[PDB]
Amino acid sequence: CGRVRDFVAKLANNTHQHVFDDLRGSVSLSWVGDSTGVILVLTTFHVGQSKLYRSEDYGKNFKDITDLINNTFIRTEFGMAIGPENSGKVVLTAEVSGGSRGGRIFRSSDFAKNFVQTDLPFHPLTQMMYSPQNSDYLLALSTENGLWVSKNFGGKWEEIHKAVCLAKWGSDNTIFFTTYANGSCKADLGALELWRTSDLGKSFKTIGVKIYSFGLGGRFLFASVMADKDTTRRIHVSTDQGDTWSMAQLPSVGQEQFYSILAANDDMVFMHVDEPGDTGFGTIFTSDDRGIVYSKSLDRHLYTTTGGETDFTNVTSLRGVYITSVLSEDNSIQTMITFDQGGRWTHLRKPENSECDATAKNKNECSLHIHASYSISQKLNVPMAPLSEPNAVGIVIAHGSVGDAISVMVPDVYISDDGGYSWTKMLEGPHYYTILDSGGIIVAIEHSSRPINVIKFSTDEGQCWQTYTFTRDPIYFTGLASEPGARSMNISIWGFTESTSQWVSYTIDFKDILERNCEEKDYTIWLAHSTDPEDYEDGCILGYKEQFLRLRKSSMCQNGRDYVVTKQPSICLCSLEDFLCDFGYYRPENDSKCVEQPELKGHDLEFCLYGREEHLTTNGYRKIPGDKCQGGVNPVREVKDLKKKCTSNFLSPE
Ligand SMILES: *[C@@H]1O[C@H](CO)[C@@H](O[C@@H]2O[C@H](CO)[C@@H](O[C@@H]3O[C@H](CO[C@H]4O[C@H](CO)[C@@H](O)[C@H](O)[C@@H]4O)[C@@H](O)[C@H](O)[C@@H]3O)[C@H](O)[C@H]2NC(C)=O)[C@H](O)[C@H]1NC(C)=O
Ligand SMILES: *[C@@H]1O[C@H](CO)[C@@H](O[C@@H]2O[C@H](CO)[C@@H](O[C@@H]3O[C@H](CO)[C@@H](O)[C@H](O)[C@@H]3O)[C@H](O)[C@H]2NC(C)=O)[C@H](O)[C@H]1NC(C)=O
Ligand SMILES: Cc1cc(=O)oc2c(CN[C@@H](CC(C)C)C(=O)O)c(O)ccc12
């Protein structure tokens, strides 16, 4: 096919070895800041000692800064707490003598050039959490279940409430937290009170009662609330930060049951609801843009209750695309993909040249299935979960199998450049994989029981590969590290030599491999979501199309750190398919027409009794959240009031 020439020399001077000498136990790695190059490596020993290393070169060289922490012992439970973005804030938690009045931290605002020791008034139960708004604002939970806040980068701490189960930063330095009264968080479960502070503890407002748990995603604030004189509970939603609430359109659940936010974005959430009775699976619902009304997206979605693992995956390299696992009747697992944000799920098309396996009832006809958290947890030979990056358009890389179900065999690696519509076997056998330069470079390391001296790369998005021996002394591979955001040319291969064992890291700079900077000609026009190009609506997803400029497979050049994914939207005519049925409406049959329910049952009937004025009254149709369509069809009909229809059956008092 095609390759890069004289590459060996180009990677020769760019391969940078660093040996880590003393290392043991927990090894944490933290990137600090974007486009800084700062990496922290924290190690701990036990009968012990903590070693701390720093690199400004993206891992090409480190320097032992343990002398900055006074060679004291860092507790790994709390790891390295890194400030948001380029703040440079770094906080480590030291272990203190048993009798100490309070804990102790080592903090740096300088990207760990200098640290300062600070004795705390308390003992941290949790890692310290930075306010996303202001990186000098931190909150922590004490072992006494106190809520402590620092206005200056952990220098001074104030205890704002004395009983707290859970606490979170919202937007604008807001703090949400749950509290208890009588006794342990555990005991008062369901009886918890939900509070909010917007002043950092000057004043509070209790925005919920009978609270079980809460959580944030997108614009939504979710709270689980227990039913009066009952063992069950249900979701309530707030977009006003607790000021007003509304009951969700979801079913209630018992105590063995749970809710989970699978994904949330400014438009909506995917809510997973556990099935009653230890199924190991649930149903996924997608919400409307209020987070109030829930369409039912997927049945028998696999989510384990203990050590809860779900293969649910945002495919971040193309808009609207998500993959996940479902549990079949034959008790086997199948991967499904949605291109529309959960309006439709379907099996993943299999590679043209792939062959079906034993799991498949027909040798000619089967599909592609993806290994993800679940496979991993069951200890199938799976080095990495699925990878995609938003700056690498359409690209998805995953271990998988081709057949009627996820198979237990040793998986090859598969790739897609179109966002999951079509696939190809990228490499045979399990590999660790990473994306550099927004897809300009793909890198892979073989997964082996025995040591490896070799790395593999592709500049054509996985179509052909080349091989580079980065060391004479082969190592046992322990991981890849590369700058978050997939924009660098720099990749770190982590491992240890055969023993007297020690860790080493070989960091490779591809700057010479692609010497040429990409230019306008190197990009070609690509419509995302194309199915039938003769169709006027081809590629409309959620009301609109996007056309991209993508880097040619053939063209090899660096995209650049400043690279901008450029795309243009086309606004499609609204059709009924752009709407979801509103409360008390459903799509019977083939027709996409939303029609009125004859009567509301189950949680529909629950809501209908217990809902509120806005949602109970309806147009029968709402725009799918995030759906940008213009013109064409707007359903025309008058808002009705459904409260009468539910209460219609009940005898009412005077
Ligand atoms: C599945 O993965 C997709 C790819 O990552 C997700 O798409 C991304 O969604 C996020 C959030 O909706 C978008 O984030 C951007 O954030 C910046 C930050 O600016 C500020 O925005 C508001 C202020 O108005 C506030 O939240 C903060 O102050 C932020 O600092 C915005 O300026 C952007 O306009 C945009 O909102 C990404 O743009 C988007 N990526 C792509 C490639 O479209 C998708 O949401 C995921 N699905 C789910 C359900 O989570
Ligand atoms: C691969 O790793 C190397 C480090 O080994 C990274 O080197 C860094 O390169 C950037 C730009 O190429 C340098 O940035 C600087 O930016 C400021 C802002 O204008 C200005 O002083 C200069 O224009 C300068 O270029 C940075 O100093 C440099 N750092 C080191 C230690 O060499 C390189 O960025 C990595 N490659 C990629 C693609 O990320
Ligand atoms: C795996 C798992 C098991 C479980 O029992 O509960 C989970 C929950 C709890 N969800 C809360 C609702 C609230 C947080 C919005 C609730 O169920 O009341 C998760 O959020 C995520 C994962 C689990």
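Along the chain as shown, the residues are counted starting at 1.
Technique stated in the header: X-ray crystallography, 2.7 Å.
The backbone N, Cα and C atoms fix where each Cβ goes, and this holds for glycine too.
According to Swiss-Prot, the protein has these features:
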DISULFID  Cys1-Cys464  disulfide bond
DISULFID  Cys165-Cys185  disulfide bond
DISULFID  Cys356-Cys366  disulfide bond
DISULFID  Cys518-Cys557  disulfide bond
DISULFID  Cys540-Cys572  disulfide bond
DISULFID  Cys574-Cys629  disulfide bond
DISULFID  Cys581-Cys594  disulfide bond
DISULFID  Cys608-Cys646  disulfide bond
CARBOHYD  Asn13  N-linked glycosylation site
CARBOHYD  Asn70  N-linked glycosylation site
CARBOHYD  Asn182  N-linked glycosylation site
CARBOHYD  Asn314  N-linked glycosylation site
CARBOHYD  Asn490  N-linked glycosylation site
CARBOHYD  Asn590  N-linked glycosylation site
REPEAT    53-64  repeat 'BNR 1'
REPEAT    148-159  repeat 'BNR 3'
REPEAT    236-247  repeat 'BNR 5'
REPEAT    336-347  repeat 'BNR 7'
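Here the repeat 'BNR 5' (236-247) has long-range neighbours at 170, 174, 176, 194, 196, 205, 207-208, 219-225, 290-292, 607, 610-612, 614-615, meaning same-chain residues at least 6 beyond its ends whose C-beta is under 8 angstroms from one of its own.
Nearest Cα neighbour of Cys629 (disulfide bond) among the listed recorded positions (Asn13, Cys185, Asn490, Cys540, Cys646): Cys540. With respect to their backbone Cα atoms, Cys608 (disulfide bond) and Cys518 (disulfide bond) stand 58 Å from each other. Selection of the recorded positions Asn182, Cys464, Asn490, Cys574 by a Cβ distance under 6 Å from ligand 2 yields, in sequence order, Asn490. Neighbour counts were taken at the CB atom with a 10 A radius for the glycosylation sites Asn13, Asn182, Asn490; the maximum falls on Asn490. DSSP assigns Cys518 (disulfide bond) to coil, not to a helix or a strand. Taking Cβ-Cβ distances under 8 Å and a sequence separation of 6 or more, the neighbours of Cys581 (disulfide bond) in its chain are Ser295, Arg587, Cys594, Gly620, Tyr621. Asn490 (N-linked glycosylation site) falls within a strand segment according to DSSP.
Note on proximity: of the recorded positions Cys185, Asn314, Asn590, the one nearest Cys574 (disulfide bond) is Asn590, by Cα distance.
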